């Protein structure tokens, strides 16, 4: 279970506003999450996530998220991106961050008076997939392959990030990436650990667009999606 932490995602804001009791519980399931990381339809989850237990659709702004950019950046800037993983239930896998460079598509996710349909969520997801921010765009960042993949499979791609191996004796799983302290970021279930990387923002301007986080599991069929409202100026 996890969600995007920095920049602050809609999910983070929904928990901090007192609405979402389990920000890490916004899950896309049942799906095939592995090895073809992009084949499963996103359904109601969309690029921003849907939290089933409080019926919270993060693809639509409310007074508590989505009105405005939470943070402003420059085109091409290399930025910190962090997600928070709950200790109970971290089983590794692969994750990524994406920016859709089609403002008219994104705009349907920025309107508090409009709820994107599942078809619109999927077209947006496709735009996000085209706008994936590769690990390898950041000079000096080490971008390895998953210990849960073999060459020839659709998971063998180092544009996505990988968690550490599940089976490692030292620093396994997603928690092992940073080896941070317990409750270094909030989760509701058992306490949270940061998972930190860098991405290079596209050379693109917007006063209000989205960065969408996606995390795919290998051992079970599940995907976690979040999105953050940002500006690139």
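Each form is matched to the other, and the largest set of C-alpha atoms that superpose within 1.5 Å is called the rigid core. Residue numbers count along the first chain shown, from 1.
- Core superposition of the other structures onto this form places the C-alphas of 168 to 176 farther off in 7 other deposited structures of this protein than those of the other stretch among 168 to 176 and 60 to 68.
- Core superposition of the other structures onto this form places the C-alphas of 83 to 91 farther off in 7 other deposited structures of this protein than those of the other stretch among 96 to 104 and 83 to 91.
- Stretch comparison (184 to 192 versus 37 to 45) by mean CA B-factor in the PDB entry places 184 to 192 on top.
- Look at the C-alpha B-factors of 83 to 91 and of 143 to 151. On average they run higher in 83 to 91.
- Within the listed group 206, 164, 55, 59, the record reports its top CA B-factor for 55.
- Highest CA B-factor among 131, 116, 134, 112, as stated in the entry: 112.
- Per the deposited record, the Cα B-factor of residue 26 falls in the highest third when ranked against the other modelled residues of its chain.
- In this PDB entry, the Cα temperature factor of residue 99 sits in the bottom third of its chain's modelled residues, the lowest group.
- Among all modelled residues in this chain, the alpha-carbon of residue 105 has a temperature factor (C-alpha) in the middle third.
- In the PDB entry, a CA B factor belonging to the highest third of its chain's modelled residues is recorded for residue 168.
- In this PDB entry, residue 69 carries a Cα temperature factor that places it within the highest third of its chain's modelled residues.
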